[PDB]
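Q: This is the structure I have questions about; it appears just below.
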Amino acid sequence: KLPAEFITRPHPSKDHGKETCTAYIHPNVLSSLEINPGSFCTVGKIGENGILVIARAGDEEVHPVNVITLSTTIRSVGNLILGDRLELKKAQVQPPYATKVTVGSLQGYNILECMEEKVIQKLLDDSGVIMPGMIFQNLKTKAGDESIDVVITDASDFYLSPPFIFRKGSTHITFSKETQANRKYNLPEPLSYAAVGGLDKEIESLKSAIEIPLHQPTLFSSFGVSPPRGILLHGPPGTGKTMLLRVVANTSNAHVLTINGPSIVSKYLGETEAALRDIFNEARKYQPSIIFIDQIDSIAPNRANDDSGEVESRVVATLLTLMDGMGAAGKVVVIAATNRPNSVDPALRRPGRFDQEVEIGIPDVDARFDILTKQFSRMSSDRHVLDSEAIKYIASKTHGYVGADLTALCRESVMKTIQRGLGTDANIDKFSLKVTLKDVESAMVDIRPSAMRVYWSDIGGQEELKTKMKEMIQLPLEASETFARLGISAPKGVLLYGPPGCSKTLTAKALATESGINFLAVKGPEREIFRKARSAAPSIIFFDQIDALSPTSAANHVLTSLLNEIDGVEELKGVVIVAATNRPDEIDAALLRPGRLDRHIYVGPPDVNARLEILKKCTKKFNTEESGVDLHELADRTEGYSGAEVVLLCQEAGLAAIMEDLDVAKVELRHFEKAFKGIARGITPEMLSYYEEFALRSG
Amino acid sequence: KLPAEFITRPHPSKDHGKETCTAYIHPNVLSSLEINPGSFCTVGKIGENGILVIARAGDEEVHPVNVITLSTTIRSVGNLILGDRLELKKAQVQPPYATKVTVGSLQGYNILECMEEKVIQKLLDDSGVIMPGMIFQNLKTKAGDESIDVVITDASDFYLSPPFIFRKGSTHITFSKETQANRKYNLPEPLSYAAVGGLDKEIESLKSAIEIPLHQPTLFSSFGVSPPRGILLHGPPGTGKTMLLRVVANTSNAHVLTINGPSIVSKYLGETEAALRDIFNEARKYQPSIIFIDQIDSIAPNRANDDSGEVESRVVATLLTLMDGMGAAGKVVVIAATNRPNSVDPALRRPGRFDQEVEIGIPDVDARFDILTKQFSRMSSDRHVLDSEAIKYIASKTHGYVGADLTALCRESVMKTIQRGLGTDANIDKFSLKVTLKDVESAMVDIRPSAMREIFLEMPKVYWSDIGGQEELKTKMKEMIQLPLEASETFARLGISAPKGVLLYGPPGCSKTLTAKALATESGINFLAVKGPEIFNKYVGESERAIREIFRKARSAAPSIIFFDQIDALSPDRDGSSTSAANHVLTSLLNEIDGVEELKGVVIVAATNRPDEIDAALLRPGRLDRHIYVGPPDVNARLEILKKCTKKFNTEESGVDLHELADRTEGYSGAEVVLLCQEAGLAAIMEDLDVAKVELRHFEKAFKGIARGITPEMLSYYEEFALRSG
Ligand SMILES: Nc1ncnc2c1ncn2[C@@H]1O[C@H](COP(=O)(O)OP(=O)(O)OP(=O)(O)O)[C@@H](O)[C@H]1O
Ligand SMILES: Nc1ncnc2c1ncn2[C@@H]1O[C@H](COP(=O)(O)OP(=O)(O)OP(=O)(O)O)[C@@H](O)[C@H]1O
Ligand SMILES: Nc1ncnc2c1ncn2[C@@H]1O[C@H](COP(=O)(O)OP(=O)(O)OP(=O)(O)O)[C@@H](O)[C@H]1O
């Protein structure tokens with residue numbers, strides 16, 4: 001036989017004392033591994049560490065050969081989750097007697113009802129062998145009818161920790177509050193809801209979805225057939241799937257399995273059917289079982305494409321038949337993780353299989369603040385400044401991106417702080433080092449957001465349109481009672497017409513920044529994107545070009561034909577909608593009727609304030625005191641040029657400087673003069689006059 | 001040898017002595033398994049729990065090693081059908097002795113004439129191994145009834161069923177009445193023509209066509225005619241074809257072999273046809289065996305297609321040879337399920353291969369009602385207080401719903417009921433919450449028909465009260481679309497069919513599509529919307545394909561209505577016929593509405609702004625026979641529209657009689673007054689924001705803002721186009 005794989009399972013009957021340090025290995029396996037029942041053996045996940053618990057005969061033969069029963073206390077020491085691989089090693093080192101051990105309490109209660117006439121004996125009757133974990137749940141110990149947890153944090157006198165057998169008189173018992181085990185052994189710590197981010201709605205939905213079949217499957221089976229079993233997690237990558245599934249597996253006492261998917265299927269062999277059947281049979285063997293699937297889309301892509309694969313078809317068919325035959329009254333739940341909803345196979349994403357859909361939204365500034373505070377609390381904050389206002393400012397300054405590799409920002413900030421402190425103090429101890437915020441800001445700028453592959457100070461705005469934009473974003477939304485009682489349709493935005501080089505893009509960026517909600521621009525020449533507007537709900541949608549689709553050509557025709565369905569969807573929830581155009585005369589006559597485009601606003605060159613702000617922002621990279629520019633003469637000279645030619649001027653000046661004196665420390669007026677003379681009068685007056693005529697005829 | 005698989009087989013004789021706990025295993029494999037004859041072995045389907053049975057020596061030679069022999073009883077424990085996969089394990093556990101057991105036969109009234117000892121002697125021969133699933137014959141001498149049987153219920157004291165050891169002294173048998181098997185053991189319930197219904201003409205025909213070859217070959221031999229070889233079951237997806245195959249396999253004791261789609265094909269050359277040959281040889285080894293093929297279209301497509309290749313042609317050729325070759329013969333039947341028969345190779349669809357073709361159709365109202373009744377009776381008593389009229393109403397509310405979607409609807413209703421039980425009832429016991437009409441009414445949302453997924457858009461929620469128009473048009477349209485449906489027998493005796501056509505010509509903003517969208521929303525029948533320029537494509541023939549697909553979907557989705565948006569966009573180039581695309585589109589439209597193939601369920605409704613370009617071919621009776629002026633509405637309709645619009649406004653506070661406003665509204669068109677009211681509201685909220693009462697100032701501002709908008713020349717043209725008929 002040679003069993004090279006073993007699993008774990010909690011013992012029944014709720015054994016006390018004798019439950020610890022016992023591994024009821026099969027007698028055939030026990031004799032095969034030349035280990036006596038009265039001997040110490042190493043049980044644990046392969047290649048990681050060991051626990052050194054005493055093996056057992058196994059009592060009756062009704063138990064499966066592969067599985068060995070272990071108590072929950074031992075498993076929690078090395079974070080041995082249900083269904084983890086186990087390995088037995090014959091060699092053993094005699095454990096020395098424990099001396100001057102120390103014990104702690106997980107809860108905050110300390111020095112209360114210190115009887116110790118049975119607690120000390122408890123550490124002796126449980127077959128000895130004291131581990132740093134010692135998660136105690138046996139008997140009923142309390143002080144005023146309240147459960148408490150006792151942890152033997154440390155015992156100092158290739159495994160998780162050296163084995164020590166407790167002795168009645170050779171060691172002294174000291175009690176203190178630690179709330180955690182000693183960090184010298186660096187034992188794994190199970191994840192808790194305190195360490196993870198907030199995600200209140202998502203975590204609540206996931207908890208309800210997991211809980212509903214878990215505790216009452218009999219009622220679902222009696223009421224009907226095919227209860228919900230499949231749970232699908234999708235959204236943007238990096239938001240957290242492996243971490244949350246690990247958390248929900250740790251918090252549950254049911255059997256779990258790790259199914260990556262590439263390892264389950266054997267390439268060019270077609271053994272995925274047998275592998276999946278064996279996995280599901282093992283899951284069905286134990287009533288409490290959890291099925292975890294990672295990257296299900298990669299395992300089973302869409303069947304529409306001819307390149308999906310015959311092995312993909314086989315695995316889809318076997319998954320379908322196994323889900324059909326898994327039964328209804330069983331207490332089984334399947335959790336599937338996928339990268340994008342589009343890559344999910346359409347047959348799998350059908351009613352009756354994955355109805356309970358769980359999605360993780362893009363974290364906002366509040367979620368970023370919450371996760372930052374949670375991480376700072378988890379990290380040792382004996383020195384780090386709390387600074388709620390600083391955290392809020394950092395979160396607001398950061399561009400809106402999903403909670404991906406956010407801990408990497410803290411890691412690189414710590415690295416920068418270490419590098420600064422080493423040079424500052426000539427290799428001093430960490431306790432004397434100081435942590436600042438400039439390094440964190442520099443690291444955050446360097447790493448940059450990776451979600452895609454603007455600020456009100458960065459991009460200015462015109463005051464004339466500020467009141468109108470505020471009205472459009474507030475009155476329909478902030479006070480909808482008047483519209484509801486008067487039956488008045490929402491304005492549904494306005495039409496902005498202006499030259500490509502004017503401040504229309506600047507106005508759009510100012511609107512986006514003032515809204516405070518991230519958005520993706522929709523190109524003119526470029527159904528799925530439009531459908532996502534309703535699903536998200538509170539957001540902003542902007543169209544860069546509408547003139548092309550107003551009257552490629554096929555894409556423009558499709559967009560202008562589907563705009564009719566867009567209006568119907570937008571009628572129910574207008575929220576806010578804006579668009580831009582270059583040829584106003586191409587717009588449809590039926591699109592100018594009241595109730596869809598109530599008002600039309602003309603946009604032109606940026607004002608003096610916006611021009612000054614843009615000049616200051618583009619000069620921020622350069623220097624102002626050495627250059628001597630007042631940031632106003634340039635604006636006066638190039639007021640009518642365009643709203644974006646200043647970037648070209650700065651680029652030309654920088655290029656001239658770097659080709660005239662190589663590395664640059666200051667920028668002289670000669671480069672600016674050359675840039676100004678290079679390009680003159682980019683805009684045209686005739687097209688602006690046409691815009692003015694259109695504005696006049698509009699009303 | 002290394003035998004890693006086993007197959008169940010029946011005993012040649014009834015084996016009156018040892019019906020139960022008998023499994024013949026070859027001595028060679030048994031010796032290699034280190035299992036003695038007096039040792040228990042668990043056997044069961046792969047991926048499921050096993051059933052323990054005592055090992056038995058094989059019947060000398062001429063006995064296959066792979067097969068394991070059972071007699072009608074061990075197979076029925078886990079609903080093991082002949083030909084299913086089996087797995088053998090050497091792990092055995094001694095079971096406790098049985099005590100206080102009860103036996104009750106299904107389909108039989110509680111009677112005490114069994115003498116209570118003849119059944120006991122049968123249990124003595126069992127010699128242990130007592131499980132809740134046992135099926136016997138009880139011989140004879142029982143009320144003179146030949147077709148009776150007895151089944152054990154359970155016993156009151158990692159296996160599919162709990163095994164107990166029978167003892168005559170302490171058996172303590174008690175008689176009781178109960179249906180099928182106990183649900184607390186989660187045993188596989190043997191289904192036999194319970195869920196499938198509404199296709200009697202088809203299901204009994206299939207049953208006869210399956211029964212006659214296998215069970216009555218003597219008449220075929222005497223008549224000199226070859227028995228049927230293959231039956232093809234083709235139909236729309238979600239019609240229960242796989243369920244039909246499963247039930248027809250379960251209802252018979254045949255050696256079924258199942259292959260499901262691309263699960264057999266592989267990139268390795270010489271493997272798909274080898275597996276098919278092995279399957280056919282195994283089927284031919286046993287006379288009563290049945291071969292089942294699922295998704296034959298994806299396995300053996302047409303060779304005429306240029307994208308097929310060579311492996312597809314080879315697999316098609318080997319399938320044809322195995323079905324009918326010089327050396328290919330037997331006493332087997334092949335069942336193939338597919339969605340489209342066109343993709344199937346014509347050589348496969350030959351009377352020698354597939355003489356009988358089964359065309360599964362979309363369930364009708366009676367079939368849907370039968371399926372719903374069966375689904376609701378599946379849970380039997382103690383719930384479902386709804387009577388037959390509620391089920392009939394639910395069935396009538398669904399038109400294009402396939403049988404697959406009804407199970408999903410029931411599951412959604414159940415889960416919604418469970419979710420609602422956590423709210424107001426505050427986690428009360430679910431044994432008394434039962435099922436109400438409100439639950440299914442709420443669950444009716446967020447579910448779509450299987451064949452009506454992609455082309456369906458967001459459902460409008462506009463009713464009759466929201467819209468306002470002339471009563472004549474709405475009454476005529478309601479009567480035209482409801483009389484064939486409300487009273488079909490009246491038209492049957494009268495011998496008059498539906499007009500199937502109607503045209504609405506009028507000026508824009510004349511209340512035409514709104515009277516159609518609201519009708520589609522209220523009626524509840526399937527609705528299809530076709531836009532004007534949407535069908536127009538640069539490539540020639542794409543529009544024709546789209547129109548044909550839309551018409552086929554309408555035909556296959558029960559009687560419905562097709563409404564065209566901006567049908568005036570297509571025209572014969574305004575003079576004669578020059579562009580080929582427009583002429584082809586028009587000709588295809590006429591052919592689809594009325595051509596060689598006759599369609600009656602769907603009713604065509606269209607609205608055109610300018611009927612001048614519509615030729616007499618489209619205007620002839622039988623396509624767009626009905627014509628309605630659909631001009632401006634009367635004073636009452638406009639007054640109702642204004643009252644509905646003013647209903648949001650404080651009518652009591654304002655106190656205006658709006659009679660002069662009614663006249664002013666009559667002075668304009670339909671959408672013009674709505675735009676006037678919207679612009680007046682916008683002007684009011686821009687001038688003095690919210691107002692408790694709307695005065696005449698804002699209304700006059702709207703009147704001066706929007707002037708005219710309609711010219712009388714089109715009104716005169718419509719009047720003459722309505723009056724020149726005579
Ligand atoms: N909500 C969160 N709260 C706290 N930390 C988080 C959160 N989401 C992500 N993280 C951090 O980011 C890491 C990335 O998450 P995880 O390892 O679960 O990957 P994933 O997003 O599921 O994977 P993939 O890149 O394949 O989409 C986590 O290990 C954790 O450190
Ligand atoms: N006529 C019917 N009566 C009762 N239940 C039905 C009927 N048709 C379908 N169902 C239910 O809907 C399910 C869907 O059918 P099934 O999965 O067997 O596929 P199918 O309809 O044969 O289609 P496909 O071609 O996609 O395999 C069935 O398992 C059954 O529960
Ligand atoms: N009786 C009415 N009540 C309310 N609104 C109306 C009425 N008649 C017209 N309208 C308004 O005018 C629009 C056009 O009317 P309708 O839906 O009848 O279009 P139609 O006659 O099919 O014409 P087309 O689609 O070619 O513009 C409606 O969507 C609605 O906003």
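Chain identifiers are assigned as A, B, and so on, following the order in which chains appear in the structure tokens; residues are numbered from 1 within each chain, and ligands are numbered from 1 in order of appearance.
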Give as an mmCIF file with N, CA, C and O atoms, in the first residue's frame the residues surrounding ligand 1 up to a distance of 10 Å, considering only C-alpha atoms and all ligand atoms.
A:
```
data_model
loop_
_atom_site.group_PDB
_atom_site.id
_atom_site.type_symbol
_atom_site.label_atom_id
_atom_site.label_comp_id
_atom_site.auth_asym_id
_atom_site.auth_seq_id
_atom_site.Cartn_x
_atom_site.Cartn_y
_atom_site.Cartn_z
ATOM 1 N N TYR A 193 -11.085 38.459 11.792
ATOM 2 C CA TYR A 193 -11.777 39.575 11.158
ATOM 3 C C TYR A 193 -11.184 40.925 11.544
ATOM 4 O O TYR A 193 -11.391 41.906 10.824
ATOM 5 N N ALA A 194 -10.464 40.999 12.665
ATOM 6 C CA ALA A 194 -9.831 42.256 13.051
ATOM 7 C C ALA A 194 -8.694 42.618 12.103
ATOM 8 O O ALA A 194 -8.513 43.793 11.761
ATOM 9 N N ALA A 195 -7.918 41.624 11.668
ATOM 10 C CA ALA A 195 -6.778 41.888 10.796
ATOM 11 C C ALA A 195 -7.202 42.259 9.380
ATOM 12 O O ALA A 195 -6.541 43.083 8.739
ATOM 13 N N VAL A 196 -8.286 41.670 8.878
ATOM 14 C CA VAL A 196 -8.726 41.906 7.506
ATOM 15 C C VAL A 196 -9.357 43.288 7.404
ATOM 16 O O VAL A 196 -9.648 43.928 8.421
ATOM 17 N N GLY A 197 -9.571 43.756 6.176
ATOM 18 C CA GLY A 197 -10.219 45.034 5.978
ATOM 19 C C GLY A 197 -11.695 44.987 6.321
ATOM 20 O O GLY A 197 -12.267 43.934 6.605
ATOM 21 N N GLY A 198 -12.319 46.163 6.300
ATOM 22 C CA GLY A 198 -13.716 46.267 6.670
ATOM 23 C C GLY A 198 -14.645 45.473 5.776
ATOM 24 O O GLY A 198 -15.169 44.437 6.197
ATOM 25 N N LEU A 199 -14.821 45.930 4.531
ATOM 26 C CA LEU A 199 -15.685 45.282 3.548
ATOM 27 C C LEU A 199 -16.994 44.813 4.171
ATOM 28 O O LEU A 199 -17.358 43.639 4.046
ATOM 29 N N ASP A 200 -17.706 45.726 4.838
ATOM 30 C CA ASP A 200 -18.828 45.331 5.687
ATOM 31 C C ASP A 200 -19.913 44.616 4.891
ATOM 32 O O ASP A 200 -20.336 43.511 5.253
ATOM 33 N N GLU A 202 -19.781 43.273 1.825
ATOM 34 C CA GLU A 202 -19.296 42.060 1.176
ATOM 35 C C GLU A 202 -19.093 40.933 2.182
ATOM 36 O O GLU A 202 -19.490 39.788 1.927
ATOM 37 N N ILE A 203 -18.483 41.236 3.330
ATOM 38 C CA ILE A 203 -18.246 40.196 4.326
ATOM 39 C C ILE A 203 -19.565 39.714 4.919
ATOM 40 O O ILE A 203 -19.730 38.522 5.198
ATOM 41 N N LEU A 233 -16.923 34.257 -6.412
ATOM 42 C CA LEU A 233 -16.304 35.522 -6.042
ATOM 43 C C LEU A 233 -15.553 36.076 -7.244
ATOM 44 O O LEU A 233 -14.703 35.388 -7.820
ATOM 45 N N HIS A 234 -15.864 37.314 -7.618
ATOM 46 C CA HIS A 234 -15.256 37.940 -8.783
ATOM 47 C C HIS A 234 -15.059 39.424 -8.492
ATOM 48 O O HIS A 234 -15.193 39.874 -7.350
ATOM 49 N N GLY A 235 -14.737 40.184 -9.535
ATOM 50 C CA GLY A 235 -14.475 41.597 -9.403
ATOM 51 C C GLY A 235 -13.128 41.974 -9.983
ATOM 52 O O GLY A 235 -12.629 41.339 -10.918
ATOM 53 N N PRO A 236 -12.512 43.019 -9.442
ATOM 54 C CA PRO A 236 -11.183 43.419 -9.907
ATOM 55 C C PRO A 236 -10.102 42.616 -9.206
ATOM 56 O O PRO A 236 -10.215 42.320 -8.007
ATOM 57 N N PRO A 237 -9.047 42.235 -9.922
ATOM 58 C CA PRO A 237 -7.978 41.452 -9.295
ATOM 59 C C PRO A 237 -7.256 42.242 -8.215
ATOM 60 O O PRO A 237 -7.127 43.466 -8.284
ATOM 61 N N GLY A 238 -6.783 41.516 -7.205
ATOM 62 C CA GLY A 238 -6.044 42.138 -6.121
ATOM 63 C C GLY A 238 -6.905 42.600 -4.967
ATOM 64 O O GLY A 238 -6.372 42.984 -3.920
ATOM 65 N N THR A 239 -8.227 42.571 -5.126
ATOM 66 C CA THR A 239 -9.137 42.967 -4.059
ATOM 67 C C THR A 239 -9.141 41.995 -2.887
ATOM 68 O O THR A 239 -9.562 42.375 -1.790
ATOM 69 N N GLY A 240 -8.685 40.762 -3.091
ATOM 70 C CA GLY A 240 -8.642 39.788 -2.019
ATOM 71 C C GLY A 240 -9.623 38.650 -2.198
ATOM 72 O O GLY A 240 -10.825 38.811 -1.966
ATOM 73 N N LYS A 241 -9.123 37.496 -2.641
ATOM 74 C CA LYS A 241 -9.928 36.278 -2.703
ATOM 75 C C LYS A 241 -9.287 35.175 -1.871
ATOM 76 O O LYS A 241 -9.974 34.550 -1.055
ATOM 77 N N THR A 242 -7.987 34.924 -2.040
ATOM 78 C CA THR A 242 -7.286 33.871 -1.316
ATOM 79 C C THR A 242 -7.294 34.146 0.181
ATOM 80 O O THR A 242 -7.497 33.231 0.987
ATOM 81 N N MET A 243 -7.072 35.401 0.562
ATOM 82 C CA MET A 243 -7.091 35.804 1.962
ATOM 83 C C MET A 243 -8.456 35.620 2.609
ATOM 84 O O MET A 243 -8.544 35.084 3.718
ATOM 85 N N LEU A 244 -9.532 36.023 1.930
ATOM 86 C CA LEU A 244 -10.863 35.896 2.519
ATOM 87 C C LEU A 244 -11.323 34.444 2.565
ATOM 88 O O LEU A 244 -11.968 34.025 3.535
ATOM 89 N N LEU A 245 -11.012 33.654 1.531
ATOM 90 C CA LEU A 245 -11.358 32.237 1.601
ATOM 91 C C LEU A 245 -10.564 31.539 2.699
ATOM 92 O O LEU A 245 -11.095 30.668 3.398
ATOM 93 N N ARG A 246 -9.299 31.923 2.880
ATOM 94 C CA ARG A 246 -8.516 31.386 3.988
ATOM 95 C C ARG A 246 -9.127 31.774 5.330
ATOM 96 O O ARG A 246 -9.172 30.959 6.258
ATOM 97 N N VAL A 247 -9.601 33.016 5.450
ATOM 98 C CA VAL A 247 -10.216 33.466 6.697
ATOM 99 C C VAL A 247 -11.473 32.658 6.997
ATOM 100 O O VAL A 247 -11.672 32.175 8.120
ATOM 101 N N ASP A 294 -9.882 27.709 -6.872
ATOM 102 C CA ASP A 294 -9.080 28.881 -7.195
ATOM 103 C C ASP A 294 -8.894 28.967 -8.703
ATOM 104 O O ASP A 294 -8.509 27.981 -9.339
ATOM 105 N N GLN A 295 -9.171 30.145 -9.265
ATOM 106 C CA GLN A 295 -9.047 30.397 -10.701
ATOM 107 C C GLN A 295 -9.880 29.396 -11.507
ATOM 108 O O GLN A 295 -9.377 28.675 -12.372
ATOM 109 N N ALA A 337 -13.527 30.809 -6.947
ATOM 110 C CA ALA A 337 -12.893 32.110 -7.107
ATOM 111 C C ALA A 337 -12.475 32.286 -8.559
ATOM 112 O O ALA A 337 -11.840 31.399 -9.139
ATOM 113 N N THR A 338 -12.831 33.429 -9.140
ATOM 114 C CA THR A 338 -12.505 33.732 -10.525
ATOM 115 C C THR A 338 -11.989 35.160 -10.618
ATOM 116 O O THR A 338 -12.291 36.009 -9.775
ATOM 117 N N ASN A 339 -11.197 35.417 -11.660
ATOM 118 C CA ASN A 339 -10.615 36.743 -11.845
ATOM 119 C C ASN A 339 -11.646 37.730 -12.382
ATOM 120 O O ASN A 339 -11.966 38.727 -11.727
ATOM 121 N N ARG A 340 -12.181 37.462 -13.573
ATOM 122 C CA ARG A 340 -13.168 38.333 -14.187
ATOM 123 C C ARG A 340 -14.464 37.573 -14.447
ATOM 124 O O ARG A 340 -14.427 36.389 -14.805
ATOM 125 N N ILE A 360 -16.795 41.863 -4.979
ATOM 126 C CA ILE A 360 -16.037 42.795 -4.153
ATOM 127 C C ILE A 360 -15.889 44.098 -4.925
ATOM 128 O O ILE A 360 -15.262 44.130 -5.990
ATOM 129 N N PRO A 363 -12.610 49.610 -3.407
ATOM 130 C CA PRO A 363 -12.596 50.369 -2.151
ATOM 131 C C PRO A 363 -12.550 51.870 -2.402
ATOM 132 O O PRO A 363 -11.869 52.348 -3.311
ATOM 133 N N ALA A 367 -12.840 53.096 2.804
ATOM 134 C CA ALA A 367 -12.312 51.741 2.924
ATOM 135 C C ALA A 367 -10.791 51.745 3.018
ATOM 136 O O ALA A 367 -10.209 50.964 3.782
ATOM 137 N N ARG A 368 -10.130 52.610 2.244
ATOM 138 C CA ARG A 368 -8.678 52.720 2.332
ATOM 139 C C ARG A 368 -8.247 53.197 3.713
ATOM 140 O O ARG A 368 -7.290 52.669 4.290
ATOM 141 N N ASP A 370 -9.935 52.785 6.512
ATOM 142 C CA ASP A 370 -10.204 51.708 7.457
ATOM 143 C C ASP A 370 -9.133 50.626 7.389
ATOM 144 O O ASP A 370 -8.650 50.156 8.426
ATOM 145 N N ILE A 371 -8.744 50.220 6.177
ATOM 146 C CA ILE A 371 -7.743 49.166 6.049
ATOM 147 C C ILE A 371 -6.379 49.660 6.520
ATOM 148 O O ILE A 371 -5.603 48.900 7.112
ATOM 149 N N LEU A 372 -6.066 50.939 6.285
ATOM 150 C CA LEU A 372 -4.808 51.488 6.782
ATOM 151 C C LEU A 372 -4.776 51.497 8.305
ATOM 152 O O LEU A 372 -3.765 51.123 8.912
ATOM 153 N N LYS A 374 -6.503 49.518 10.270
ATOM 154 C CA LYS A 374 -6.433 48.128 10.709
ATOM 155 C C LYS A 374 -5.011 47.586 10.612
ATOM 156 O O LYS A 374 -4.530 46.916 11.535
ATOM 157 N N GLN A 375 -4.322 47.869 9.504
ATOM 158 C CA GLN A 375 -2.945 47.409 9.355
ATOM 159 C C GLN A 375 -2.026 48.067 10.377
ATOM 160 O O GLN A 375 -1.129 47.414 10.922
ATOM 161 N N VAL A 402 -8.021 49.696 -6.456
ATOM 162 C CA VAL A 402 -8.505 48.588 -5.638
ATOM 163 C C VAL A 402 -7.468 48.231 -4.582
ATOM 164 O O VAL A 402 -6.286 48.564 -4.717
ATOM 165 N N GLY A 403 -7.899 47.539 -3.530
ATOM 166 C CA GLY A 403 -7.012 47.207 -2.432
ATOM 167 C C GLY A 403 -5.996 46.135 -2.771
ATOM 168 O O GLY A 403 -5.931 45.098 -2.106
ATOM 169 N N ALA A 404 -5.193 46.380 -3.803
ATOM 170 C CA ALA A 404 -4.172 45.447 -4.255
ATOM 171 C C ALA A 404 -2.800 45.920 -3.796
ATOM 172 O O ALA A 404 -2.470 47.104 -3.917
ATOM 173 N N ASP A 405 -2.012 44.980 -3.264
ATOM 174 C CA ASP A 405 -0.656 45.203 -2.762
ATOM 175 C C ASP A 405 -0.525 46.495 -1.963
ATOM 176 O O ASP A 405 0.493 47.188 -2.051
ATOM 177 N N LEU A 406 -1.548 46.822 -1.169
ATOM 178 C CA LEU A 406 -1.478 48.016 -0.333
ATOM 179 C C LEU A 406 -0.452 47.849 0.781
ATOM 180 O O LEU A 406 0.190 48.826 1.183
ATOM 181 N N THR A 407 -0.285 46.624 1.289
ATOM 182 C CA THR A 407 0.738 46.370 2.298
ATOM 183 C C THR A 407 2.139 46.571 1.733
ATOM 184 O O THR A 407 3.079 46.857 2.486
ATOM 185 N N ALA A 408 2.299 46.430 0.415
ATOM 186 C CA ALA A 408 3.600 46.672 -0.201
ATOM 187 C C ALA A 408 4.023 48.127 -0.057
ATOM 188 O O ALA A 408 5.219 48.415 0.063
#
```
Q: Please identify every polymer residue within 6 Å of ligand 3, using only C-alpha atoms and all ligand atoms, and present the set as a PyMOL selection string.
A: chain B and resi 467-469+508-514+566+670-671
Q: Taking N, CA and C atoms for each residue, export the selection above as a CSV table (one decimal), in the first residue's frame.
A:
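This went into result14.csv:
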```
chain,number,residue,atom,x,y,z
B,467,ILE,N,-50.8,55.7,-20.0
B,467,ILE,CA,-51.0,56.2,-21.4
B,467,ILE,C,-52.4,56.8,-21.5
B,468,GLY,N,-52.7,57.5,-22.6
B,468,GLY,CA,-54.0,58.1,-22.9
B,468,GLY,C,-54.1,58.2,-24.4
B,469,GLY,N,-55.3,57.7,-24.9
B,469,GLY,CA,-55.6,57.7,-26.3
B,469,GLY,C,-57.0,57.4,-26.5
B,508,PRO,N,-45.9,61.8,-36.2
B,508,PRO,CA,-45.1,61.5,-35.0
B,508,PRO,C,-45.7,62.2,-33.8
B,509,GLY,N,-45.6,61.5,-32.6
B,509,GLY,CA,-46.2,62.0,-31.4
B,509,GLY,C,-47.7,61.8,-31.4
B,510,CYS,N,-48.1,60.8,-32.1
B,510,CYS,CA,-49.6,60.5,-32.2
B,510,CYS,C,-50.0,59.2,-31.4
B,511,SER,N,-49.3,58.9,-30.4
B,511,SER,CA,-49.7,57.8,-29.5
B,511,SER,C,-49.8,56.4,-30.2
B,512,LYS,N,-48.8,56.0,-30.9
B,512,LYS,CA,-48.9,54.7,-31.6
B,512,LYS,C,-48.0,53.6,-30.9
B,513,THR,N,-46.7,53.7,-30.8
B,513,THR,CA,-45.9,52.6,-30.2
B,513,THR,C,-46.3,52.5,-28.7
B,514,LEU,N,-46.6,53.6,-28.0
B,514,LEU,CA,-46.9,53.6,-26.6
B,514,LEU,C,-48.1,52.7,-26.4
B,566,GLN,N,-39.9,52.0,-36.2
B,566,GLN,CA,-39.4,52.8,-37.4
B,566,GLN,C,-39.3,51.9,-38.6
B,670,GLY,N,-50.0,65.2,-29.3
B,670,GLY,CA,-49.8,64.4,-28.1
B,670,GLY,C,-48.5,64.7,-27.3
B,671,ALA,N,-47.4,64.4,-27.9
B,671,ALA,CA,-46.1,64.6,-27.2
B,671,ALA,C,-45.8,66.1,-27.0
```
Q: Could you find all residues in range 248-424 of chain A that DSSP calls alpha helix (DSSP H) from the backbone, and write them as a PyMOL selection string?
A: chain A and resi 248-250+272-285+296-299+310-325+365-378+388-397+406-424
